[PDB]
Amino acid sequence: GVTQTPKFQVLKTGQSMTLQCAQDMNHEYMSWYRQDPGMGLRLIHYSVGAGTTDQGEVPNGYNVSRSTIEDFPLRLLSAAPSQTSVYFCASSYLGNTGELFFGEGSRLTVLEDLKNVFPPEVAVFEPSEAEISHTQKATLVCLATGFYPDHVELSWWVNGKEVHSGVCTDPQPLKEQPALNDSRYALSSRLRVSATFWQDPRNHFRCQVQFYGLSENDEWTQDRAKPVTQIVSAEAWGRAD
């Protein structure tokens, strides 16, 4: 398979960074793409084998190398705000017939000032008494707000076990400031259960959001806590009738 690292990253304009990409399938061909809204997948660089690399559609600002067949790193010397994107690594055997394999992607956001990095405020809203009485069901809502960048992962935990049954989270978060490309986000998720499961006082519900932010090695000179990679959660217990 193809493994890219890191999956999420926040850079400060000017800093350097190296995105890794490896595969154990013995593919001679490897390549890097960047995906941008309303502009699709654009090839940055590619390699047909070890000791050889070539420029793609938009090679400017990036460097690559292919000393071993297994790896193909992408390098950014002076990170620029324009480089904010989602990067993908793809590989295949240079014996066409073999499909193209993509990694999970690396979400990189470059900022002029790291003070625009905000963690989310998470809160769980308990089921309305109108719903329970009308449908015999209860829907818990989890709301994460004011975060930037959009590097989050939201999940529900009931009595210690992650649940997927009766759950839907927004496929994508909404901008609290539609006109800004630097806008903070909001994300919501629903967890629906039978009214009887919610009415049981010993049932524990927990919503958590994993936020990918700054590192412990970054500067931060402000009164509010540094927005490092963290988890923010909220919880609620069943409520008797």
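The first residue of the shown sequence is 1; numbering continues from there.
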Select between 60-68 and 182-190 the stretch whose C-alpha atoms have the higher average B-factor in the entry. 60-68
Test of understanding: from the entry's C-alpha B-factors, which stretch has the higher mean, 89-97 or 69-77? 89-97
Criterion, highest CA B-factor; candidates, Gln199, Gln35, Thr52, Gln210: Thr52
Looking at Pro149, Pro171, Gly105, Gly166, which has the highest Cα B-factor in the entry? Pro171
Which third, lowest, middle or highest, does the CA B-factor of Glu216 fall in along this chain? highest
Would you mind ranking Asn116 by its C-alpha B-factor against the rest of the chain and naming the third, lowest, middle or highest? highest
Chain-wide C-alpha B factor ranking for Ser233, given as lowest, middle or highest third: middle
What third of the chain, by the recorded C-alpha B-factor, contains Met25? lowest
Ranking the modelled residues of this chain by C-alpha B-factor as given in the entry, is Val10 in the lowest, middle or highest third? lowest
